[PDB]
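Before any questions on how it binds or moves, here is one chain, the form deposited in one PDB entry, in structure tokens.
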């Protein structure tokens, strides 16, 4: 009855890869339960600002509680060369793959996703966290069609309501003008990002897609150009998109220090949302992901699921240079 380690898991598939991490499907042998497992090589995160950043992701994971629309953390452990986050396995695909197939979503569908994402973001903000990386491929669908925000590597944590931070930060298409103007910023930047994502879901293109007809020109467009709402969108959609995409983060829907989230809930576009049923996952999703074969691996990129299910052998030369002391106390098991 020692604490969990690597030997406690079967490795089942490779499901993902980002800048700094490899993601596997795993099974905890003891309990026969399935999780995703995010694997980070210590040699990537052994410096100054790395340690802090690994800690942030770890803390956001914990706060991500068992909130229904955030990816939760089962456990952490380490080996010599690696850190491991055992996390919820979420297998419905993501909203990028979704948009690429559906092309353009009905307003009702985009309302459902937006409402669930709003609940996730608000819960984060209420916990002192700025997400900072809201974009289509960071919004996963679970097997039933509910959303889950993922990838907390860009987050800011520990923030008091109405305190601000200043790291220039994010994915260009989604970056909020405040950030581009060099200003100190709060939770406002997430609500801007929601606006862009909503525009993407209902229009099936970016509001900034004139760029290409100069990623620094993208930035100029975001700062300087008035967004045009497609004629096909309802008046209520134009209104919510316009309010979310206010360049002035003080006037922006969702951004009032006191009433921000209540302003979102009370917006005419969200009129038919029962936010209590939504939060309890009592609203039936508009689209049910197809789960093929054993684990639904078909919703993941074949680039990853094709890989050999293994952890790359290390070279002991690099590994021995790691100061192991700075990962003391990494181990964690959820308190449920």
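Residue numbers count along the first chain shown, from 1. We call the rigid core whatever largest set of C-alpha positions still superposes within 1.5 Å between the two forms.
Beyond the structure shown, there is the form solved in complex with a small molecule, which is absent from this document and is the topic of what follows.
Contact annotation: the small molecule lies within 4.5 Å of heavy atoms from the stretch 90-98 in the deposited bound form, the single such stretch among 74-82, 90-98, 225-233, 161-169. Taking the partner from the other structure, the small molecule in the deposited bound form has no heavy atom within 4.5 Å of any heavy atom of residue 114.
Shown alone here, residue 183 lies farther than 4.5 Å from the small molecule in the deposited bound form, counting heavy atoms only. Contact annotation: residue 140 falls within 4.5 Å of the small molecule in the deposited bound form, judged by heavy atom distances. Using a 4.5 angstroms threshold between heavy atoms, residue 28 stays clear of the small molecule in the deposited bound form.
The candidate site formed by 122, 253 and 257 is entirely out of contact with the small molecule in the deposited bound form, as no residue has a non-hydrogen atom within 4.5 angstroms of it. Of the candidates 151, 107, 178, 157, 151 is the one whose heavy atoms come within 4.5 Å of the small molecule in the deposited bound form; the others do not.
For residue 284, a C-alpha deviation below 2 angstroms is recorded between the shown form and the other one after rigid-core alignment. A displacement of less than 2 angstroms separates the C-alpha positions of residue 62 between the shown form and the other one, with the rigid core held in common. Here residue 274 does not count as shifted, since its C-alpha moves by less than 2 Å between the shown form and the other one after the core is aligned.
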